[PDB]
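K.L.:
Hey, dropping my_file32.tsv in here, TSV, N, CA and C atoms:
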chain	number	residue	atom	x	y	z
A	1	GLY	N	0.81	-1.21	0.00
A	1	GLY	CA	0.00	0.00	0.00
A	1	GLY	C	0.84	1.26	0.00
A	2	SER	N	0.36	2.29	0.69
A	2	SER	CA	1.07	3.56	0.76
A	2	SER	C	1.44	4.06	-0.64
A	3	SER	N	0.50	3.92	-1.57
A	3	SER	CA	0.72	4.36	-2.95
A	3	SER	C	0.01	5.67	-3.22
A	4	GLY	N	0.78	6.72	-3.47
A	4	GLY	CA	0.21	8.03	-3.74
A	4	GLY	C	1.26	9.08	-4.00
A	5	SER	N	1.50	9.38	-5.28
A	5	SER	CA	2.49	10.38	-5.66
A	5	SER	C	1.87	11.46	-6.53
A	6	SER	N	1.39	12.53	-5.88
A	6	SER	CA	0.77	13.63	-6.59
A	6	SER	C	1.82	14.64	-7.06
A	7	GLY	N	2.12	14.61	-8.36
A	7	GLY	CA	3.10	15.52	-8.91
A	7	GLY	C	2.48	16.58	-9.79
A	8	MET	N	1.66	16.15	-10.75
A	8	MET	CA	1.00	17.07	-11.66
A	8	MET	C	0.14	18.08	-10.90
A	9	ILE	N	-1.00	17.62	-10.41
A	9	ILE	CA	-1.91	18.48	-9.66
A	9	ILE	C	-1.17	19.23	-8.56
A	10	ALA	N	-0.29	18.53	-7.86
A	10	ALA	CA	0.49	19.13	-6.78
A	10	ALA	C	1.27	20.34	-7.28
A	11	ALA	N	2.19	20.10	-8.21
A	11	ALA	CA	3.01	21.17	-8.76
A	11	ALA	C	2.14	22.28	-9.34
A	12	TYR	N	1.26	21.92	-10.26
A	12	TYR	CA	0.37	22.89	-10.89
A	12	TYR	C	-0.38	23.70	-9.84
A	13	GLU	N	-1.21	23.03	-9.05
A	13	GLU	CA	-1.98	23.70	-8.01
A	13	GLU	C	-1.12	24.69	-7.25
A	14	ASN	N	-0.05	24.19	-6.63
A	14	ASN	CA	0.86	25.04	-5.87
A	14	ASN	C	1.34	26.22	-6.71
A	15	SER	N	1.69	25.94	-7.96
A	15	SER	CA	2.17	26.98	-8.86
A	15	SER	C	1.06	27.96	-9.21
A	16	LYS	N	1.43	29.07	-9.84
A	16	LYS	CA	0.46	30.09	-10.23
A	16	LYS	C	0.58	30.42	-11.71
A	17	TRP	N	-0.54	30.80	-12.32
A	17	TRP	CA	-0.55	31.15	-13.74
A	17	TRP	C	0.66	31.99	-14.11
A	18	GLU	N	1.09	31.88	-15.36
A	18	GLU	CA	2.25	32.63	-15.84
A	18	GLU	C	2.01	33.15	-17.25
A	19	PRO	N	2.52	34.36	-17.53
A	19	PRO	CA	2.38	35.00	-18.84
A	19	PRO	C	3.19	34.30	-19.92
A	20	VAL	N	2.52	33.48	-20.73
A	20	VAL	CA	3.19	32.75	-21.81
A	20	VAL	C	2.34	32.76	-23.08
A	21	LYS	N	3.01	32.91	-24.22
A	21	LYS	CA	2.32	32.93	-25.51
A	21	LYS	C	2.03	31.51	-25.99
A	22	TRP	N	0.75	31.21	-26.18
A	22	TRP	CA	0.34	29.88	-26.64
A	22	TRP	C	0.40	29.80	-28.17
A	23	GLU	N	1.14	28.82	-28.67
A	23	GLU	CA	1.27	28.63	-30.11
A	23	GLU	C	0.49	27.40	-30.58
A	24	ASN	N	0.22	27.33	-31.88
A	24	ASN	CA	-0.52	26.21	-32.45
A	24	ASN	C	0.28	24.92	-32.34
A	25	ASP	N	-0.42	23.81	-32.18
A	25	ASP	CA	0.22	22.50	-32.07
A	25	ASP	C	1.14	22.46	-30.86
A	26	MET	N	0.61	22.82	-29.70
A	26	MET	CA	1.38	22.82	-28.46
A	26	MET	C	0.69	22.00	-27.38
A	27	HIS	N	1.44	21.60	-26.36
A	27	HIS	CA	0.90	20.81	-25.27
A	27	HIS	C	0.85	21.63	-23.98
A	28	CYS	N	-0.20	21.42	-23.19
A	28	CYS	CA	-0.37	22.14	-21.93
A	28	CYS	C	-1.38	21.44	-21.04
A	29	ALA	N	-1.55	21.96	-19.82
A	29	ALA	CA	-2.49	21.39	-18.87
A	29	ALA	C	-3.53	22.41	-18.43
A	30	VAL	N	-4.80	22.06	-18.58
A	30	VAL	CA	-5.89	22.95	-18.20
A	30	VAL	C	-6.45	22.59	-16.83
A	31	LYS	N	-6.88	23.60	-16.08
A	31	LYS	CA	-7.44	23.39	-14.75
A	31	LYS	C	-8.96	23.49	-14.78
A	32	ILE	N	-9.64	22.40	-14.43
A	32	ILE	CA	-11.09	22.37	-14.42
A	32	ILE	C	-11.64	23.07	-13.18
A	33	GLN	N	-12.84	23.62	-13.30
A	33	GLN	CA	-13.48	24.32	-12.19
A	33	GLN	C	-14.32	23.37	-11.35
A	34	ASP	N	-15.44	22.92	-11.91
A	34	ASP	CA	-16.33	22.00	-11.22
A	34	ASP	C	-15.55	20.82	-10.65
A	35	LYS	N	-14.45	20.47	-11.30
A	35	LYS	CA	-13.61	19.36	-10.86
A	35	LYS	C	-12.27	19.86	-10.35
A	36	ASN	N	-11.50	18.96	-9.73
A	36	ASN	CA	-10.19	19.31	-9.20
A	36	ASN	C	-9.10	18.46	-9.83
A	37	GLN	N	-9.29	18.11	-11.10
A	37	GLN	CA	-8.32	17.30	-11.82
A	37	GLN	C	-7.72	18.07	-12.99
A	38	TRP	N	-6.40	17.99	-13.13
A	38	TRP	CA	-5.71	18.68	-14.22
A	38	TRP	C	-5.66	17.82	-15.47
A	39	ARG	N	-6.32	18.27	-16.53
A	39	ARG	CA	-6.35	17.54	-17.79
A	39	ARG	C	-5.42	18.19	-18.81
A	40	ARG	N	-4.89	17.37	-19.72
A	40	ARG	CA	-3.99	17.86	-20.75
A	40	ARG	C	-4.76	18.23	-22.02
A	41	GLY	N	-4.36	19.33	-22.65
A	41	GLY	CA	-5.02	19.77	-23.86
A	41	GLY	C	-4.03	20.17	-24.95
A	42	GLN	N	-4.52	20.24	-26.18
A	42	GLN	CA	-3.67	20.61	-27.31
A	42	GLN	C	-4.13	21.93	-27.93
A	43	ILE	N	-3.25	22.92	-27.89
A	43	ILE	CA	-3.56	24.23	-28.45
A	43	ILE	C	-4.17	24.11	-29.84
A	44	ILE	N	-5.50	24.09	-29.91
A	44	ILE	CA	-6.20	23.98	-31.18
A	44	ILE	C	-6.11	25.28	-31.97
A	45	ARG	N	-6.72	26.33	-31.45
A	45	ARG	CA	-6.71	27.63	-32.11
A	45	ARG	C	-7.01	28.75	-31.11
A	46	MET	N	-6.15	29.76	-31.08
A	46	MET	CA	-6.32	30.89	-30.18
A	46	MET	C	-7.53	31.73	-30.58
A	47	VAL	N	-8.50	31.85	-29.67
A	47	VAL	CA	-9.70	32.62	-29.94
A	47	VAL	C	-9.48	34.10	-29.65
A	48	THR	N	-9.16	34.41	-28.39
A	48	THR	CA	-8.92	35.79	-27.98
A	48	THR	C	-7.66	35.90	-27.14
A	49	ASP	N	-7.37	37.11	-26.67
A	49	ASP	CA	-6.20	37.35	-25.84
A	49	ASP	C	-6.36	36.71	-24.47
A	50	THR	N	-7.52	36.11	-24.23
A	50	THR	CA	-7.80	35.47	-22.95
A	50	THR	C	-8.34	34.05	-23.16
A	51	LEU	N	-9.04	33.85	-24.27
A	51	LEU	CA	-9.61	32.54	-24.58
A	51	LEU	C	-8.70	31.77	-25.54
A	52	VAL	N	-8.76	30.45	-25.46
A	52	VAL	CA	-7.94	29.60	-26.31
A	52	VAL	C	-8.60	28.23	-26.51
A	53	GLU	N	-8.69	27.80	-27.77
A	53	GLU	CA	-9.29	26.52	-28.09
A	53	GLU	C	-8.27	25.39	-27.95
A	54	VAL	N	-8.61	24.40	-27.13
A	54	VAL	CA	-7.73	23.26	-26.91
A	54	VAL	C	-8.47	21.94	-27.10
A	55	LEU	N	-7.72	20.86	-27.27
A	55	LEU	CA	-8.30	19.54	-27.46
A	55	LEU	C	-7.85	18.58	-26.37
A	56	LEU	N	-8.82	17.95	-25.71
A	56	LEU	CA	-8.52	17.00	-24.64
A	56	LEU	C	-8.17	15.63	-25.21
A	57	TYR	N	-7.28	15.61	-26.19
A	57	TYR	CA	-6.86	14.36	-26.82
A	57	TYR	C	-6.80	13.23	-25.80
A	58	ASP	N	-6.43	13.57	-24.57
A	58	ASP	CA	-6.33	12.58	-23.50
A	58	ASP	C	-7.63	11.79	-23.38
A	59	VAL	N	-8.75	12.50	-23.33
A	59	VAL	CA	-10.06	11.86	-23.21
A	59	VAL	C	-10.76	11.79	-24.56
A	60	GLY	N	-10.71	12.89	-25.30
A	60	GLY	CA	-11.35	12.94	-26.61
A	60	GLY	C	-12.51	13.90	-26.65
A	61	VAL	N	-12.30	15.10	-26.13
A	61	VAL	CA	-13.35	16.12	-26.11
A	61	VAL	C	-12.80	17.48	-26.56
A	62	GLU	N	-13.45	18.07	-27.55
A	62	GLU	CA	-13.03	19.37	-28.07
A	62	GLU	C	-13.74	20.50	-27.33
A	63	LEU	N	-12.95	21.36	-26.70
A	63	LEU	CA	-13.50	22.49	-25.95
A	63	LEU	C	-12.50	23.65	-25.91
A	64	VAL	N	-12.92	24.76	-25.32
A	64	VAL	CA	-12.07	25.94	-25.22
A	64	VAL	C	-12.10	26.51	-23.80
A	65	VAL	N	-10.92	26.65	-23.20
A	65	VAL	CA	-10.81	27.19	-21.85
A	65	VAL	C	-10.09	28.53	-21.85
A	66	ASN	N	-9.99	29.14	-20.68
A	66	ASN	CA	-9.33	30.44	-20.54
A	66	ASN	C	-7.85	30.25	-20.21
A	67	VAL	N	-7.01	31.10	-20.80
A	67	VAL	CA	-5.57	31.03	-20.57
A	67	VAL	C	-5.24	31.16	-19.09
A	68	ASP	N	-6.19	31.70	-18.32
A	68	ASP	CA	-6.01	31.87	-16.89
A	68	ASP	C	-5.92	30.52	-16.18
A	69	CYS	N	-6.56	29.51	-16.76
A	69	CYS	CA	-6.55	28.17	-16.19
A	69	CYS	C	-5.50	27.30	-16.86
A	70	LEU	N	-5.04	27.73	-18.03
A	70	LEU	CA	-4.03	26.98	-18.78
A	70	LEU	C	-2.68	27.04	-18.07
A	71	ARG	N	-1.88	26.00	-18.27
A	71	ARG	CA	-0.56	25.92	-17.65
A	71	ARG	C	0.43	25.22	-18.57
A	72	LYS	N	1.68	25.66	-18.54
A	72	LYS	CA	2.73	25.07	-19.37
A	72	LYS	C	3.06	23.66	-18.90
A	73	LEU	N	3.19	22.74	-19.85
A	73	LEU	CA	3.51	21.35	-19.53
A	73	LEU	C	4.97	21.22	-19.12
A	74	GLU	N	5.21	21.16	-17.81
A	74	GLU	CA	6.56	21.03	-17.29
A	74	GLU	C	7.17	19.68	-17.68
A	75	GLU	N	8.43	19.71	-18.10
A	75	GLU	CA	9.13	18.49	-18.51
A	75	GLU	C	9.07	17.44	-17.40
A	76	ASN	N	9.47	17.84	-16.20
A	76	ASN	CA	9.47	16.93	-15.05
A	76	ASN	C	8.18	16.12	-15.00
A	77	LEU	N	7.05	16.82	-15.05
A	77	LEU	CA	5.75	16.17	-15.00
A	77	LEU	C	5.61	15.15	-16.13
A	78	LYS	N	6.17	15.48	-17.29
A	78	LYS	CA	6.11	14.59	-18.45
A	78	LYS	C	6.79	13.26	-18.14
A	79	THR	N	7.94	13.33	-17.48
A	79	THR	CA	8.69	12.13	-17.13
A	79	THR	C	8.82	11.98	-15.62
A	80	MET	N	7.75	11.51	-14.98
A	80	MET	CA	7.75	11.32	-13.54
A	80	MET	C	8.21	9.91	-13.17
A	81	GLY	N	9.30	9.83	-12.40
A	81	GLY	CA	9.82	8.54	-12.00
A	81	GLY	C	11.05	8.14	-12.79
A	82	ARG	N	10.91	7.12	-13.63
A	82	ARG	CA	12.02	6.64	-14.44
A	82	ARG	C	12.24	7.54	-15.65
A	83	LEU	N	13.39	8.20	-15.70
A	83	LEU	CA	13.72	9.09	-16.80
A	83	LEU	C	14.50	8.35	-17.89
A	84	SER	N	14.03	8.47	-19.13
A	84	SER	CA	14.68	7.81	-20.25
A	84	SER	C	14.14	8.35	-21.58
A	85	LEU	N	15.02	8.98	-22.36
A	85	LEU	CA	14.63	9.53	-23.65
A	85	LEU	C	14.51	8.43	-24.70
With the file now loaded, output its structure as structure tokens.
P.N.:
Amino acid sequence: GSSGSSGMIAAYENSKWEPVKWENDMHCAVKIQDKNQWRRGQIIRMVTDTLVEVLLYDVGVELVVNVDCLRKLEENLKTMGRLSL
């Protein structure tokens, strides 16, 4: 037992939004409101200076969230545990 390693939500949650330019065909993590789980999305198309269209390829749902909830996909989070390129 004793299995529980919160890195994504942990790091993200603890961290705070940051001013970054979102480009097409990019990876990032969006923060849900009604829920407390960080989902990954793909920069589909920038709508406004605050809104951005992303794709939850992870699950398979096309939607658009606010850059205020968006977060840069940290490398560490990408490779949690065993590191190997």
K.L.:
Nearest to residue 65 of chain A among A:30, A:77, A:83, A:9, with distances taken over all atoms listed in the file: which residue is it?
P.N.:
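Using all atoms listed in the file, residue 65 of chain A sits closest to A:30.
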K.L.:
Taking (-12.4, 28.3, -27.7) in the file's own coordinates, collect the residues within 12 Å, counting only C-alpha atoms, and hand them back as a ChimeraX atom specification.
P.N.:
/A:41-55,62-67
K.L.:
Give me a file of those residues, with N, CA and C atoms, as a JSON list (two decimals), in the coordinates of the input.
P.N.:
[["chain", "number", "residue", "atom", "x", "y", "z"],
["A", 41, "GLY", "N", -4.36, 19.33, -22.65],
["A", 41, "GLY", "CA", -5.02, 19.77, -23.86],
["A", 41, "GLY", "C", -4.03, 20.17, -24.95],
["A", 42, "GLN", "N", -4.52, 20.24, -26.18],
["A", 42, "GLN", "CA", -3.67, 20.61, -27.31],
["A", 42, "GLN", "C", -4.13, 21.93, -27.93],
["A", 43, "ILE", "N", -3.25, 22.92, -27.89],
["A", 43, "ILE", "CA", -3.56, 24.23, -28.45],
["A", 43, "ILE", "C", -4.17, 24.11, -29.84],
["A", 44, "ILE", "N", -5.50, 24.09, -29.91],
["A", 44, "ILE", "CA", -6.20, 23.98, -31.18],
["A", 44, "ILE", "C", -6.11, 25.28, -31.97],
["A", 45, "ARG", "N", -6.72, 26.33, -31.45],
["A", 45, "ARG", "CA", -6.71, 27.63, -32.11],
["A", 45, "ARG", "C", -7.01, 28.75, -31.11],
["A", 46, "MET", "N", -6.15, 29.76, -31.08],
["A", 46, "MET", "CA", -6.32, 30.89, -30.18],
["A", 46, "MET", "C", -7.53, 31.73, -30.58],
["A", 47, "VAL", "N", -8.50, 31.85, -29.67],
["A", 47, "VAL", "CA", -9.70, 32.62, -29.94],
["A", 47, "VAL", "C", -9.48, 34.10, -29.65],
["A", 48, "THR", "N", -9.16, 34.41, -28.39],
["A", 48, "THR", "CA", -8.92, 35.79, -27.98],
["A", 48, "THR", "C", -7.66, 35.90, -27.14],
["A", 49, "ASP", "N", -7.37, 37.11, -26.67],
["A", 49, "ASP", "CA", -6.20, 37.35, -25.84],
["A", 49, "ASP", "C", -6.36, 36.71, -24.47],
["A", 50, "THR", "N", -7.52, 36.11, -24.23],
["A", 50, "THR", "CA", -7.80, 35.47, -22.95],
["A", 50, "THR", "C", -8.34, 34.05, -23.16],
["A", 51, "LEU", "N", -9.04, 33.85, -24.27],
["A", 51, "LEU", "CA", -9.61, 32.54, -24.58],
["A", 51, "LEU", "C", -8.70, 31.77, -25.54],
["A", 52, "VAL", "N", -8.76, 30.45, -25.46],
["A", 52, "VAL", "CA", -7.94, 29.60, -26.31],
["A", 52, "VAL", "C", -8.60, 28.23, -26.51],
["A", 53, "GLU", "N", -8.69, 27.80, -27.77],
["A", 53, "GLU", "CA", -9.29, 26.52, -28.09],
["A", 53, "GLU", "C", -8.27, 25.39, -27.95],
["A", 54, "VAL", "N", -8.61, 24.40, -27.13],
["A", 54, "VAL", "CA", -7.73, 23.26, -26.91],
["A", 54, "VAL", "C", -8.47, 21.94, -27.10],
["A", 55, "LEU", "N", -7.72, 20.86, -27.27],
["A", 55, "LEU", "CA", -8.30, 19.54, -27.46],
["A", 55, "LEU", "C", -7.85, 18.58, -26.37],
["A", 62, "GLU", "N", -13.45, 18.07, -27.55],
["A", 62, "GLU", "CA", -13.03, 19.37, -28.07],
["A", 62, "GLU", "C", -13.74, 20.50, -27.33],
["A", 63, "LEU", "N", -12.95, 21.36, -26.70],
["A", 63, "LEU", "CA", -13.50, 22.49, -25.95],
["A", 63, "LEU", "C", -12.50, 23.65, -25.91],
["A", 64, "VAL", "N", -12.92, 24.76, -25.32],
["A", 64, "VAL", "CA", -12.07, 25.94, -25.22],
["A", 64, "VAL", "C", -12.10, 26.51, -23.80],
["A", 65, "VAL", "N", -10.92, 26.65, -23.20],
["A", 65, "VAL", "CA", -10.81, 27.19, -21.85],
["A", 65, "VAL", "C", -10.09, 28.53, -21.85],
["A", 66, "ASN", "N", -9.99, 29.14, -20.68],
["A", 66, "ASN", "CA", -9.33, 30.44, -20.54],
["A", 66, "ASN", "C", -7.85, 30.25, -20.21],
["A", 67, "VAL", "N", -7.01, 31.10, -20.80],
["A", 67, "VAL", "CA", -5.57, 31.03, -20.57],
["A", 67, "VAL", "C", -5.24, 31.16, -19.09]]
K.L.:
Set the distance at 7 Å and use all atoms listed in the file: which residues neighbour residue 40 of chain A once local chain neighbours fewer than 5 positions away are removed? I'd like the list as a list in words.
P.N.:
residues 27, 28, 29, 30, 55, 56, 57 and 58 of chain A
K.L.:
What separation in Å, quoted to one decimal, exists between atom CA of residue 33 of chain A and atom N of residue 2 of chain A?
P.N.:
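We find that atom CA of residue 33 of chain A and atom N of residue 2 of chain A lie 29.0 Å from each other.
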K.L.:
Considering only C-alpha atoms, state which residue in the set A:15, A:24, A:10, A:60 is at the smallest distance from residue 36 of chain A.
P.N.:
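Smallest separation from residue 36 of chain A among the options: A:10.
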K.L.:
Would you work out the distance separating atom CA of residue 74 of chain A from atom CA of residue 34 of chain A, expressed in Å to one decimal?
P.N.:
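Straight-line distance from atom CA of residue 74 of chain A to atom CA of residue 34 of chain A works out to 23.7 Å.
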